[PDB]
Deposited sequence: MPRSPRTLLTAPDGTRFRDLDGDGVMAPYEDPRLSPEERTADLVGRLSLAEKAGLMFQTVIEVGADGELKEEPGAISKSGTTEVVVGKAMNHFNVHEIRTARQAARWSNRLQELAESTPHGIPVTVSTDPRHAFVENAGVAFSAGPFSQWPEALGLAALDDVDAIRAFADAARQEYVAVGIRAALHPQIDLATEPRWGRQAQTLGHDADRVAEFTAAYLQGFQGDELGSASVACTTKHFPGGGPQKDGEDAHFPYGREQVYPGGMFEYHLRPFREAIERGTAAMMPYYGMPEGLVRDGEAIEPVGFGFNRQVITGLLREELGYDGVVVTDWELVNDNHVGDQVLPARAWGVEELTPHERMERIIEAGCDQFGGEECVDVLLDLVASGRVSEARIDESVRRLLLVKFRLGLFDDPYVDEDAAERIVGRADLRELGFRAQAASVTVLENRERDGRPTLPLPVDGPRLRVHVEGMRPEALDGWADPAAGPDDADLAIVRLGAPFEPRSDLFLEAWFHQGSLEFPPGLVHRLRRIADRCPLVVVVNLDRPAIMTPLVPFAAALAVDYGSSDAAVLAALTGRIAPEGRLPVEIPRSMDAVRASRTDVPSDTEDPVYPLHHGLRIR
C-alpha cells in the first residue's frame, strides 16, 4: 500500500483513502494526535489489550484456538481491533519472519491499519528454538560484567528485530532478596545499585538512546519490585499473593528504567501486605489495581508517562485444561471482571495483559463508567510506541535475512561463552596436590560416570562409565531442590518451598564419592542448601542454565569459569526462615557468601 502523494511523498496508505492523511505521513513527528482523532471507539479499545498469539507451525496465521491462545488471529486482529501480542513457540527464524509479515498484512485490513507490536518473554536461556542460547539472567549477574549485558542486549535485539519481534517483556529487574522465590533465575541478582547499572545497559542495548526502526521497546518488570515474596511463595498463585517489607531498595532499578525511558512498565501480581511508605498506608491490593502505586508513585511522583501494561490475566478467569485458572485479582477477588477492569483503568494503567475482552471495555464506556477522554490518555501512549518504533511506516521483515541473523554463529559463540564463563566454582578440593578442577583434557583417557548430563556430551574427550566403580570420576548435574507440587495449575512448573536436598539423594551422591571423585554441578535456579554436599564432593560448582557442553567447557578450563555468586547460598533452611525476605543475602553464616567464586587453572 506504499503510494506516491500529490505533493511527492511516498507513504503507507493505511485507511485506503488513496490520500495521505497526516498520521500516514512519515515526515511528521503529531501523527498520534491526528490518528486519535480518526479512530472509532472500538479501535481505541482494541489498542488497550495484549494477549498471547501463536505462530502457525509452517509460518501461517493460526486461525484456530491453540495450546495457549483461544481466538483465531483474524478474530483478534480484525474482529477485536487488537494489535499487541506476546508470541510463544517459534520453531525457525524463517517461520517467525514469514508469520510476522503475514500478521502485519492482515493488520492493514483494519479501518486504519494500526501495525502489530509483537512482544516476547525472555527466550534466550538454554534452560527453558533458533535463537542464540545463553545462561539465565542470574548467570550474567554472576559474571558481573556491564559489557556482557550490553552484548546480550544487542545480540537479542538483532535476533528479535530480524523476525519482527519489536517489544520485550523484560528486563526483569526484581531483586532476589528472598532465596525461596522461584523466579530468581531471571533476575540479575539483588544489588539494587548494580542492577540499576545493568538496567541502563540493558535498555540502551535494546532500545538505543532513542527508539527507532531497529529498536526493541522494553516492558520493564515487575514494577515496583517483585522479589520480596512472602515466605518465598510467588504471586502467580492464590496462596502466594503477598509481598512483605519487614526490612523496610527494590524500587531503585525502576527509577533508572524511568530515567532511561523504558517504553513500557509492568506492575507485578504482588499484593503489598503491611506496607507503609512515608507515613502513608498502602492499599493491600495487586499492584495493577493499586492507584497509590501506579498513579501516586509511578505517574505522579516518578513522572512516568510511558505505557503501563498489567501482568497477564488480571480480569477474567480461564479454563485451560478442565480446571480453573484464576484471574490474578489479588485483594480484589470479590470484584467482577467489569469492576476489575474499571479498577485497573482507575489505578492508572493503559493496557490489560493476557486479556482480549474488548467488549467489556466498550461496556464501561457505554455504561458511563470510563470516559473516552480517559481512554484517549492510554491510546496516546500505546500509539506513540508504535510510531516511534517505525511500525506505521515499515512493519515488514526480510525472511532471508532472518534465517541468517537469528542464531548466527557469532551470537551462538557469545552465548555459549556466557554459559561456560558464568559457571561459578564453590569448592575445589586438592587431589594429591592437584585441584579437582580443571579436569584433565590431556592426561589419561578418563572414564566418567555421568548423571543429569547426557553421556553423548563426553564424546571425543572421555568414555562413559557404566557406574562409579569403573569410573575415574563422576559428574552429577542437579537442579536446586524444591517442594514438588501439583494441586493447582502451573504448580508443577514452579520450583518453590524448601531449598534442602532430599536426604536419600545426598546419601546416594555420598555413595558415589566413596568410589570415585565426585564433581557436582547444581543448576542454581534457587540457592540450594549446598551444606550436606560440602564434606564429600571433590568439586562443587553452580551453573545458571548452561548446556552440558558449556558446563564441560568450564570444568575442563577450556573456557575458564569466572562466575562469582550474585546471591549468597544460605547454610540452612533455619537461617532462611529467620531472614527478612526484602533484605538481600541476610541469612547468617551462609555456606557460600555473596561474591564467592574460585578461579581454576
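Residues of the deposited sequence that lack C-alpha coordinates fall in the stretches 1 to 6, 36 to 37, 137 to 144, 265 to 267.
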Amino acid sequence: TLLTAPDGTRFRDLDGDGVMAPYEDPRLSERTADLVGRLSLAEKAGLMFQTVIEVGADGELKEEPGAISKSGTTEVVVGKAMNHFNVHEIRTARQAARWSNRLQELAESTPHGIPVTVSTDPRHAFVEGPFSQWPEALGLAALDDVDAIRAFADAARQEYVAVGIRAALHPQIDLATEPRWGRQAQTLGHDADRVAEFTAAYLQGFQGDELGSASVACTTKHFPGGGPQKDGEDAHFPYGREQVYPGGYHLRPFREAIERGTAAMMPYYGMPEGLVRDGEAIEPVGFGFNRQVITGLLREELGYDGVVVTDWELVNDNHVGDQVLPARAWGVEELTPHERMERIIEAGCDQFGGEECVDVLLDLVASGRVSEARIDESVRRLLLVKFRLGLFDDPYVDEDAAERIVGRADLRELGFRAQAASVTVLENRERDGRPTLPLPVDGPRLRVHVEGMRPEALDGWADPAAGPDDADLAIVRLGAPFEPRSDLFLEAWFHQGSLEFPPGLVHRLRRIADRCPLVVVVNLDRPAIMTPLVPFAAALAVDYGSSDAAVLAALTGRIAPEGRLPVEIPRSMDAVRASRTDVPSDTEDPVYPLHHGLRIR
From here on, numbers count along this sequence of modelled residues.
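Relative to its counterpart among 359 to 367 and 222 to 230, 359 to 367 has the higher mean temperature factor, C-alpha atoms as listed in the PDB entry. Here the stretch with the larger average CA B-factor, out of 72 to 80 and 134 to 142, is 72 to 80.
Note on the listed residues 313, 483, 430, 525: the highest Cα temperature factor in the record is that of 430. Sorting 178, 469, 500, 174 by the CA temperature factor given in the entry leaves 469 at the top. Among the modelled residues of the chain, residue 9 sits in the highest third by CA temperature factor in this PDB entry. The entry lists a Cα temperature factor for residue 213 that places it in the highest third of the chain's modelled residues. Among the modelled residues of its chain, residue 40 has a C-alpha B-factor that falls in the highest third, as given in the PDB entry. The PDB entry assigns residue 349 a C-alpha temperature factor belonging to the middle third of its chain's modelled residues.
Among all modelled residues in this chain, the alpha-carbon of residue 242 has a temperature factor (C-alpha) in the lowest third.
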